[PDB]
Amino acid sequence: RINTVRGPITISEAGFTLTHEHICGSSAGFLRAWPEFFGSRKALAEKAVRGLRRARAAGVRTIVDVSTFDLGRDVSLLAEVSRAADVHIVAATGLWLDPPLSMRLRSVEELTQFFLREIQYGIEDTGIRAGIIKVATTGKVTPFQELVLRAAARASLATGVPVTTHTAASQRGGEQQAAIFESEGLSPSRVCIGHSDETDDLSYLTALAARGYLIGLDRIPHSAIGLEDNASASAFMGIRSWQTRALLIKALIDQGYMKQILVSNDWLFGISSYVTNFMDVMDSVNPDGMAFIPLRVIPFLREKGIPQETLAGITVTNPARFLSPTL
């Protein structure tokens, strides 16, 4: 069984699953302290329910919200929008790139206890258990980030829940992550190396898949175009087209690694952790939101000759194998 914000579900219930998404990208305590930053909590919730319902109509049945503590994860919000949209949401533990001081000062043993409490006991006082561990590193792994990755590996080994990562693909950062995970005795089949569509280095990706890692091609609609004077939507966006990113999926399929591929949008319905109104920038670039994968990428791959059963394997079978707790 897989833990969701509404309780446990069987593997067969998960269906078409988006493995790297967010309801809201924020900071610990921020949604509660300043909901008017998002208009209101109600407005944010209502936008998310419409968004999830659009995704559901395009075939999505489950999303994995990989928002951590320090991304301002509010599982009560996730539970509310999941119930109203009838879309399963898997919540995350772990730490992203903005840990507060009370986290930054902790040992690997302490972080392991924290990740374990969120998986085994529940998040806050909600009883909602995490079904995935999210971690992030920048280029060369910092000392604190290494502690996070080891704590993640140890919590995964104790519970069977998988680990999913944020990296800089342009720095081939998955290699350093993999080294740390393997030193801990973690199976690569429990690990998704994410934001992997941010590079054109196919050799780097194939090497990881060969070692048994899941490859997260999860920022496909963040491609953007026509924003090279933007001091925000050029370093956070790019200039590579989304079709170019999408073709990495075909490339990995053709090398015989369709079972290793996970695809997502890395979308959200509110964001406070960047510039004000960046949500408007994102929504203008990708009006499809979380429906971008099923509405654009899947038909694009089908028209490039990828068979239905392969597309179903990638969007249904692979996430189920990944999320089902396994040791």
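In this text, residue numbers run from 1 along the sequence as written.
Student: Using the B-factors recorded in the PDB entry, average over the C-alpha atoms of 180 to 188 and of 221 to 229, then report which stretch comes out higher.
Tutor: According to the PDB entry, the answer is 221 to 229.
Student: Take the C-alpha B-factors listed in the entry for 92 to 100 and for 161 to 169, compute each mean, and give the stretch with the larger one.
Tutor: Averaging CA B-factors over each stretch, the winner is 161 to 169.
Student: For the C-alpha B-factor as written in the entry, point me to the maximum among 116, 151, 84, 251.
Tutor: Across 116, 151, 84, 251, the entry lists the biggest C-alpha B-factor for 251.
Student: Compare the CA B factors listed in the entry for 74, 125, 80, 175 and report the winner.
Tutor: In the PDB entry, the greatest C-alpha B-factor among 74, 125, 80, 175 is found at 175.
Student: Can you tell me which third, lowest, middle or highest, the CA B-factor of residue 15 falls into for its chain?
Tutor: Middle third.
Student: Quick check on the deposited entry: does the C-alpha B-factor of residue 307 sit in the lowest, middle or highest third of its chain?
Tutor: Tercile = highest for this residue's CA B-factor.
Student: Divide the modelled residues of the chain into thirds by Cα B-factor and specify which third, lowest, middle or highest, holds residue 131.
Tutor: Bottom third by C-alpha B-factor.
Student: Within this chain's modelled residues, let me know which third the CA B factor of residue 4 belongs to: lowest, middle or highest.
Tutor: Tercile = middle for this residue's CA B-factor.
Student: Hey, what third does residue 146 fall into on Cα B-factor, ranked over its chain?
Tutor: Its C-alpha B-factor belongs to the middle third of this chain's values.
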